[PDB]
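Engineer: As given, the protein sequences belong to chains B and A, one line each in that order. PDB author numbering puts the first sequence at residues 31 to 49, 59 to 116, 140 to 248, 255 to 363, 377 to 668, 688 to 823. PDB author numbering puts the second sequence at residues 31 to 49, 59 to 116, 140 to 248, 255 to 363, 377 to 668, 688 to 823. C-beta: ideal position from N, C-alpha, C; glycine also. Here's a structure for you.
Protein chains: 2
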Amino acid sequence: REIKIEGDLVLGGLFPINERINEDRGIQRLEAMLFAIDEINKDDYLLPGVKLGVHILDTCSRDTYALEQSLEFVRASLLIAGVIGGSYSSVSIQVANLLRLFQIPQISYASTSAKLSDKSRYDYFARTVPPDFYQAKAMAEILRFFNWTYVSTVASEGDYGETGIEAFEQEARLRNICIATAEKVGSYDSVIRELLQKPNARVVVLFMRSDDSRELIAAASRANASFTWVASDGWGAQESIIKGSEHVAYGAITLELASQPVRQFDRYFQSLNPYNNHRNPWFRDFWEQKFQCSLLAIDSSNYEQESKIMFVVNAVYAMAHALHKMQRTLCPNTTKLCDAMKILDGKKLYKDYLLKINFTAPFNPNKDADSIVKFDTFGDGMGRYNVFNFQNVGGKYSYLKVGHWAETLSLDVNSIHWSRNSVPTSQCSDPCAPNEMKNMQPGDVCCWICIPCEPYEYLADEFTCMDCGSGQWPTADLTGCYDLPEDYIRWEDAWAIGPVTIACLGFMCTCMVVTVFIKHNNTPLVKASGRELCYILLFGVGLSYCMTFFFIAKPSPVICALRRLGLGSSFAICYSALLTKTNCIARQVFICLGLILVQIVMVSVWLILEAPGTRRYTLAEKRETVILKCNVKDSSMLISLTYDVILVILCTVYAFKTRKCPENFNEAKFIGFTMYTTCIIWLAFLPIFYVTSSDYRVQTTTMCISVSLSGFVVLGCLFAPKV
Amino acid sequence: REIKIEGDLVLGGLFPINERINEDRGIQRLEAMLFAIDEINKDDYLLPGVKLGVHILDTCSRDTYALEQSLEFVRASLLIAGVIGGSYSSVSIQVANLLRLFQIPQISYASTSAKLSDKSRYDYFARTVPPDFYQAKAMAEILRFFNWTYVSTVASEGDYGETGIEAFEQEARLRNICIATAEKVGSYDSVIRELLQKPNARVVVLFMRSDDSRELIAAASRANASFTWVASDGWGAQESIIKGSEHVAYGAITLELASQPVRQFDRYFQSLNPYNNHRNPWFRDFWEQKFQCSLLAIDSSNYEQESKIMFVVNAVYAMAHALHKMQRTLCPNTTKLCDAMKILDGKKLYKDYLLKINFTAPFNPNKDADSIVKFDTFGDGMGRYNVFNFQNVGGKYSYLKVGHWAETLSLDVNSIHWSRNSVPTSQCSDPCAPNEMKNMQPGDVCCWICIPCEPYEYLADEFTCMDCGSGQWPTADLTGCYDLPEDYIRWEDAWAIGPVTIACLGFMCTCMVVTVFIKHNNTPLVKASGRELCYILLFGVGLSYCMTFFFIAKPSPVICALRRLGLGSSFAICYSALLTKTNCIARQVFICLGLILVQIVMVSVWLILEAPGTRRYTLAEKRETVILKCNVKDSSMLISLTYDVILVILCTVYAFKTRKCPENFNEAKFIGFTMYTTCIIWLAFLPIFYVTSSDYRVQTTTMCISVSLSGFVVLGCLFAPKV
Ligand SMILES: N[C@](CC1c2ccccc2Oc2ccccc21)(C(=O)O)[C@H]1C[C@@H]1C(=O)O
Ligand SMILES: N[C@](CC1c2ccccc2Oc2ccccc21)(C(=O)O)[C@H]1C[C@@H]1C(=O)O
Ligand SMILES: *[C@@H]1O[C@H](CO)[C@@H](O)[C@H](O)[C@H]1NC(C)=O
Ligand SMILES: *[C@@H]1O[C@H](CO)[C@@H](O)[C@H](O)[C@H]1NC(C)=O
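Below, the structure is given as structure tokens:
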């Protein structure tokens with residue numbers, strides 16, 4: 031039962047006027072689509088001369104009942143510069159596969175599918191309401207705002223759920239949002261039983277149908293295990309979806325589309341009676357089913386005005402301003418039909434100056450804020466959502482409007498209510514302390530594992546850990562780690578108590594020997610020996626007492642200069658002062693031959709005096725040791741004294757021959773047993789010197805052991821009863 | 031000017047009957072579409088009772104003139143169970159966006175696009191001719207048959223070229239076919261000038277339009293540089309595309325679709341006059357423009386029958402057998418309309434038992450070979466092409482039919498004519514000899530580079546080359562390479578000439594010494610020396626003459642057993658036989693002390709007699725050397741004789757004391773100068789023994805040099821004037 035009201039050029043429109060007569064989503068809209076043309080053809084601010092006409096049908100929500108109507112539009116190619147509206151999604155996808163085939167554009171006031179932006183097929187389809195592939199980029203950019211980046215989704219089955227959710231994951235992996243489970247309701257209440265077995269995912273992304281999101285929540289009062297319900301448009305502000313589960317569905321957020329409703333439309337529509345409406349074929353039919361009467378009037382107590390009445394009067398203007406540009410720019414100085422308005426080619430209509438129009442909606446303020454009825458490059462207006470909340474003040478439910486957003490989130494941050502006031506992160510990995518600073522993603526993203534790394538190591542990265550180098554221990558963190566000192570044995574340490582007492586024998590070395598050096602040269606056996614030779618033959622014993630304190634005092638390069646040079650003067654006193662005096666005694689002007697022989701091995705040390713390391717080093721044992729106090733090898737100083745014992749190897753040669761023939765009082769016993777006793781400790785401390793850790797007593801105490809036995813057992817016996 | 035001939039159920043058809060009246064691709068086909076129904080409604084082998092009707096239009100090749108006709112089909116929803147034919151591509155894509163919207167299937171007799179298989183859009187479109195995305199999988203599987211795997215393409219601009227070529231490359235990379243250039247003609257003849265600058269690509273894949281492949285070939289007679297023209301369907305068997313370039317377009321291959329034409333159609337169509345054809349609105353109109361007469378008859382001299390007349394009568398049957406299945410299987414025991422033929426739902430018509438039908442074409446033999454009118458799962462019959470050739474016998478052109486193919490190539494291999502009889506590979510890289518066996522693809526595929534690899538290396542792969550190991554040289558190929566021998570100096574080599582003469586002095590060593598061994602013990606100075614000691618003191622000189630031939634004969638493990646043990650008995654004869662006889666002479689029952697001293701250093705060699713290597717080794721210099729004839733170090737045998745010269749280090753000690761006091765006739769001169777002379781060559785050959793390559797004379801000749809100087813300069817002088 032169409033109505034075709036004539037005009038200079040006529041618009042066409044489809045509406046549900048069938049199920059019964061629908062009044063919520065139905066005939067309320069067709070009353071509004073008539074109401075705009077009563078203003079546009081009257082208000083001469085827009086199109087002055089060309090009077091608009093209307094010719095509208097009854098879409099009855101059945102697809103192949105809409106298409107049997109839709110050819111009666113195009114039997115005039140009552141020429142029609144476009145058709146307004148396909149309400150549902152499934153009725154608009156059928157008059158968008160017949161209205162590309164006549165090059166005539168379409169504007170649908172409310173149909174919000176997501177296959178209706180694939181403009182490779184539809185070159186003639188521009189809706190005003192936003193596509194629902196934006197709520198997969200709405201909530202996916204508030205979770206990264208709240209850092210709840212580990213979620214658990216649930217869809218519906220059919221066309222709504224499988225489109226948004228498959229667009230939700232691919233619009234989440236950019237924003238580092240990391241799903242856990244994925245259900246699909248077609255089970256009854258066991259869907260929560262498959263949901264509790266991931267219990268660090270406590271943010272439920274709910275992208276659901278209307279009534280198939282009632283059977284979940286009403287059966288989520290059985291298990292009584294609440295959550296944080298973030299929900300897409302399936303909730304809306306419906307107060308029946310939260311029917312009695314206020315103790316269960318507490319603390320939720322939801323989205324809906326904003327529409328500041330037209331005030332004077334209530335001045336239009338409530339002023340409409342079925343005795344003064346002859347310009348409609350359905351006001352008389354609706355009046356029966358409005359009140360179930362067999363025949377009152379419309380009050381404000383039964384005219385709760387629909388939330389998309391603004392979207393028809395917004396989207397019927399976006400042709401009437403893309404035609405007032407036509408009647409001026411394509412035909413100046415011609416208000417009426419200029420004979421170029423005869424064949425109105427739609428291809429240069431839609432793609433040229435309807436695609437990117439810009440103007441303001443009627444009956445609303447803030448003309449630069451939100452009423453800019455823009456388009457994108459696809460035929461889909463910008464998203465203007467609300468973010469409602471179930472933040473109950475305590476009345477019972479109290480749906481709360483905590484703000485809006487268009488392109489970036491603009492919340493009013495005092496609504497996050499979860500248990501009492503909780504912002505649950507719902508995060509899996511829980512990044513740990515720097516004590517476990519190997520926070521490495523094992524195989525997958527977003528859920529890493531912490532690991533305490535090596536105690537000689539610092540964290541090389543957020544996942545990596547590396548040692549800070551040989552020597553130094555780590556820091557208190559992964560910063561610059563430390564340094565590494567050496568063994569400072571300058572104090573006692575039960576190591577400076579021994580040779581400090583052994584130095585007294587070296588201090589008493591030059592004491593008793595100086596008595597026969599000058600004042601007692603007139604002894605009967607002072608002239609019988611090398612009275613000038615003994616002062617050189619006994620001066621080196623104090624050197625052995627001093628080279629221990631020259632070397633083993635503290636690590637220094639001058640000390641290592643004294644350490645390598647300290648031992649090189651021990652053995653010529655031990656051998657050349659000994660052996661040259663015995664050979665002339667074995668058979688006295690030839691006693692001068694022992695002078696230059698001391699410089700034989702000693703001058704060769706002067707060539708190696710500058711070759712090896714002198715300053716310092718640091719030797720590394722198992723992960724904590726730095727002591728190599730001078731940069732020399734252990735076998736380097738041992739080979740430096742290889743000729744030392746080799747020089748006193750012939751020191752026992754003259755002991756065997758003169759073992760029984762003393763040329764003096766006790767020179768065969770005190771001196772003959774001396775070289776046997778001197779080679780004993782000389783051979784004793786040699787293999788032990790390779791193996792030590794403190795190394796002091798094997799160096800210091802063994803050196804003075806030769807020094808004490810030298811002057812006492814040999815030189816002391818000649819003067820002990822002399823007194 | 032439609033004709034609507036009634037029936038029990040009526041078929042619908044579109045045809046070009048406009049440009059003028061088209062007779063080649065036009066009204067000849069509509070005469071044939073009428074001719075089939077005159078048989079099907081008459082021959083009771085197929086559908087007995089339901090008389091077929093026809094209702095056909097005039098498509099006039101203009102898209103939005105076809106769609107103004109096409110609603111007059113669907114104004115009855140004269141119900142029509144499908145529409146036959148959209149001839150062009152651009153008329154079929156417009157009645158396939160209006161005939162999905164009524165759930166009615168379509169069969170197009172000749173339209174061969176490649177967007178008309180995207181069955182996600184078109185659920186109601188099944189053509190019979192093959193899609194032209196198959197000739198991108200036809201020629202792309204004969205080039206791999208001929209190994210011409212490096213090509214040079216050329217397209218046309220618009221819809222034909224850019225569809226097949228973009229399908230040609232993606233159907234070539236599987237078969238390892240490797241393009242070089244890619245033109246796009248919209255230049256005039258300079259397109260060849262951009263083509264000669266890749267002159268190892270001499271196979272021109274020509275995927276071209278009809279007339280825009282005339283301006284190339286007629287302008288390829290300018291440059292006179294021929295090729296191998298492989299061409300897709302743009303040639304066909306058109307004899308005008310090769311108008312006068314037989315010397316230029318010689319040697320080509322081309323494709324066309326096979327159709328064995330219906331013989332009795334000529335018995336039908338040539339028996340048609342415009343006085344006995346009242347069942348058509350266009351036989352009277354065609355009769356004017358057939359002969360330009362203002363009013377003869379159709380002869381066989383002007384009725385050259387069209388090549389797709391079989392494709393309309395093939396593809397009008399494939400409904401009439403998908404409806405004879407309907408009137409039996411959906412309504413048994415009911416020949417006529419069974420009241421389930423009232424609402425004939427097309428969704429259960431097309432997708433159920435028209436998609437996979439199988440039967441034989443009328444008026445053709447071989448009912449199991451090629452007339453199986455199958456479908457695939459897309460609505461596109463199987464490809465049955467011809468492979469024509471321009472193999473001129475010499476008449477002038479003589480288009481030649483060298484066979485066919487359906488799913489695999491079935492050529493008759495005697496047509497490859499390029500220059501005289503040439504099969505040009507047109508290949509880029511030209512894989513080289515195993516002398517350049519590093520045939521590695523540098524950065525890209527199909528064009529590798531050959532490289533001679535290392536002469537100590539063999540080809541590890543077709544691209545890789547690796548050395549065969551230390552020692553052995555490569556083989557004649559990349560097989561198992563070789564072995565590596567050692568230096569065999571068993572012959573002379575100017576190395577076995579020297580010590581073979583030096584062995585004679587070792588042979589004359591025991592000659593003169595044996596005279597005073599037994600027969601001349603009664604000499605006055607035989608008893609004055611060690612007459613039993615000299616036989617041990619001179620026996621080892623022959624050992625030194627023999628150890629050279631024991632060691633330096635040939636590499637053997639028993640020889641190395643004699644090489645390490647050969648030198649160990651040289652020095653005790655050189656020192657212990659010498660030094661013990663001198664010490665008792667330096668001041688005679690104590691002459692037995694020199695017996696056990698020979699076993700001092702010698703028994704220590706018995707402990708090392710089994711420790712180091714004994715068998716063999718091979719030392720590797722710069723890429724060609726294997727000789728380390730026994731597995732011992734150079735310093736190993738030199739340290740094995742370190743105590744050797746150390747034992748004769750004290751051999752010069754007694755020479756200084758006894759230099760002037762002879763206890764015999766010349767024992768101070770002949771023996772005193774001997775140990776000075778013995779240490780000379782002993783110190784001489786030592787540093788030279790570290791540095792040699794043949795190593796014989798430093799080993800053999802230096803050993804006998806000590807052996808000759810021992811007995812002659814010392815032992816020979818005592819008996820030289822004795823005679
Ligand atoms: N535009 C709606 C949107 C509809 C919908 C709305 C809310 C929740 C789920 C849901 O499911 C889908 C799925 C695909 C497309 C559209 C929807 C329509 O029915 O087409 C609806 C406002 C229109 C009206 O009620 O008049
Ligand atoms: N089927 C054809 C094929 C046509 C074509 C034929 C040969 C060379 C190039 C070429 O260009 C395209 C491009 C896209 C689709 C179809 C074609 C048609 O016109 O549609 C033609 C046999 C039909 C007739 O002449 O009646
Ligand atoms: C993480 O989310 C919290 C939520 O309050 C926010 O305050 C904070 O800025 C976010 N941090 C980062 C690094 O994104
Ligand atoms: C390469 O092509 C030639 C062409 O004659 C053919 O005979 C041969 O079998 C082909 N070889 C391979 C390995 O494909």
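Identify the continuous alpha helix (DSSP H) that holds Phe359/A and give its terminal residues.
Structural biologist: Element bounds for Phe359/A: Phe351 to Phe359.
Engineer: With distance defined between alpha-carbon atoms, name the residue in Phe469/B, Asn445/B, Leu411/B and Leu274/B nearest to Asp433/B.
Structural biologist: Of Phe469/B, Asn445/B, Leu411/B and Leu274/B, the residue nearest in Cα terms is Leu411/B.
Engineer: Less than 8 Å between CB atoms is the rule here; does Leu96/A satisfy it with respect to chain B?
Structural biologist: No - not a single Cβ of chain B is within 8 Å of the one on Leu96/A.
Engineer: What does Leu163/B reach in chain A if we use C-beta pairs closer than 8 Å?
Structural biologist: Ordered by position in chain A, the residues that pass the 8 Å Cβ test against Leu163/B are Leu106, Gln156, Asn159 and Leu160.
Engineer: Which of helix, strand or coil does DSSP assign to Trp529/B?
Structural biologist: Three-state result, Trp529/B: coil.
Engineer: Report the rounded CA-to-CA distance for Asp493/A versus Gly92/A, giving the unit in angstroms.
Structural biologist: Cα-Cα distance, rounded: 46 Å.
Engineer: Looking at C-alpha atoms only, which residue of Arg645/A, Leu140/A and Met589/A is the closest neighbour of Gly811/A?
Structural biologist: Of the listed residues, the one whose Cα sits closest to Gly811/A is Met589/A.
Engineer: My understanding is that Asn439/B touches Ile453/B, with C-beta atoms under 8 Å, so please give their C-beta distance in whole angstroms.
Structural biologist: Sure, about 6 Å apart at Cβ, within 8 Å.
Engineer: What does the Cβ neighbour count give for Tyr466/B, buried or exposed, with the cut at 16 atoms within 10 Å?
Structural biologist: It is buried - the Cβ of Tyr466/B has at least 16 other Cβ atoms within 10 Å.
Engineer: Measuring alpha carbon to alpha carbon, tell me which of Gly226/A, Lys311/A and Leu815/A ends up nearest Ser300/A.
Structural biologist: The shortest C-alpha separation from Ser300/A is found at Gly226/A.
Engineer: Quick check: the Cα distance between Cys549/B and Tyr717/B, rounded to an integer number of angstroms?
Structural biologist: Cα to Cα, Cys549/B sits roughly 19 Å from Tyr717/B.
Engineer: Is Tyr466/B close to ligand 1? I mean its beta-carbon at under 7 Å from any heavy atom of the ligand.
Structural biologist: Not so, every heavy atom of ligand 1 lies at least 7 Å from the Cβ.
Engineer: Using a threshold of 7 Å, is the CB atom of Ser300/B nearer than that to any non-hydrogen atom of ligand 2?
Structural biologist: False, no ligand heavy atom lies under 7 Å from that Cβ.
Engineer: Is there at least one Cβ from chain B nearer than 8 Å to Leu110/A's Cβ?
Structural biologist: Chain B contact via Cβ: present.
Engineer: Is it the case that the CB of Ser154/B approaches a heavy atom of ligand 2 more closely than 7 Å?
Structural biologist: No, Cβ of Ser154/B sits at least 7 Å from all heavy atoms of ligand 2.
Engineer: Buried or exposed: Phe359/A, going by 16 or more other Cβ atoms within 10 Å of its Cβ?
Structural biologist: So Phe359/A counts as exposed.
Engineer: When the Cα atoms are used, what is the spatial distance from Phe351/B to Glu307/B?
Structural biologist: When rounded, the distance between both Cα atoms is 30 Å.
Engineer: Would you mind reading off the limits of the beta strand (DSSP E) that contains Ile146/B?
Structural biologist: Residues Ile142 to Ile146.
Engineer: What does DSSP give as the partner residue(s) for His94/A in the beta ladder?
Structural biologist: In the DSSP output, where bridge partners are listed per residue, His94/A has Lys34/A and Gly42/A.
Engineer: May I ask you to verify whether the region 632-646 of chain A touches the region 716-733 of chain A, counting CB pairs closer than 8 Å and requiring at least 3?
Structural biologist: Yes, they touch.
Engineer: Just mark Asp461/B as buried or exposed, buried being the case when its beta carbon has 16 or more other beta carbons within 10 Å.
Structural biologist: So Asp461/B ends up on the buried side.
Engineer: Consider the C-beta atom of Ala172/B and the heavy atoms of ligand 1; say whether any pair is separated by less than 7 Å.
Structural biologist: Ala172/B: yes, Cβ under 7 Å from ligand 1.
Engineer: Note the first and the last residue of the continuous alpha helix (DSSP H) segment covering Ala244/A.
Structural biologist: Segment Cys240 to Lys246 is the beta strand (DSSP E) holding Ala244/A; no alpha helix (DSSP H) there.
Engineer: List, from N- to C-terminal side, the beta strand (DSSP E) runs of 3 residues or more that fit wholly inside the region 449-529 of chain B.
Structural biologist: Counting whole runs of 3 or more residues, the region 449-529 of chain B contains the beta strand (DSSP E) stretches 466-470, 481-486 and 490-492.
Engineer: Looking at ligand 1, does it come within less than 7 Å of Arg206/B, judged from the CB to the closest heavy atom?
Structural biologist: Not under cutoff, so the answer is no.
Engineer: Determine, using beta carbons only, whether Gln168/B and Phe187/B come nearer to each other than 8 Å.
Structural biologist: Yes, Cβ-Cβ distance for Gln168/B and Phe187/B is below 8 Å.
Engineer: Heavy atom of ligand 2 less than 7 Å from the Cβ of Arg277/A, yes or no?
Structural biologist: Yes, the beta carbon of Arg277/A sits closer than 7 Å to at least one heavy atom of ligand 2.
Engineer: Using 8 Å for Cβ pairs, my map puts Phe45/A next to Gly147/A. What's the rounded Cβ distance?
Structural biologist: About 7 Å separates the two Cβ atoms, so the contact holds.
Engineer: With 16 as the cutoff for other CB atoms within 10 Å, does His402/A come out buried or exposed?
Structural biologist: Looking at its Cβ environment, which holds 16 or more other Cβ atoms inside 10 Å, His402/A is buried.
Engineer: Give the single residue among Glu49/B, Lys34/B, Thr560/B and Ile60/B whose Cα lies nearest to the Cα of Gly43/B.
Structural biologist: For the residues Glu49/B, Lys34/B, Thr560/B and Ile60/B, the minimum Cα distance to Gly43/B belongs to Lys34/B.
Engineer: According to DSSP, is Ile60/B part of a helix, a strand, or is it coil?
Structural biologist: DSSP places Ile60/B in coil when its eight states are reduced to three.
Engineer: Check whether the region 562-573 of chain A and the region 611-631 of chain A are in contact - that is, three or more C-beta pairs closer than 8 Å.
Structural biologist: Segments in contact, no.
Engineer: Alpha carbon to alpha carbon, how far is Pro267/B from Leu430/A?
Structural biologist: Between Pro267/B and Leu430/A, the C-alpha separation is close to 52 Å.
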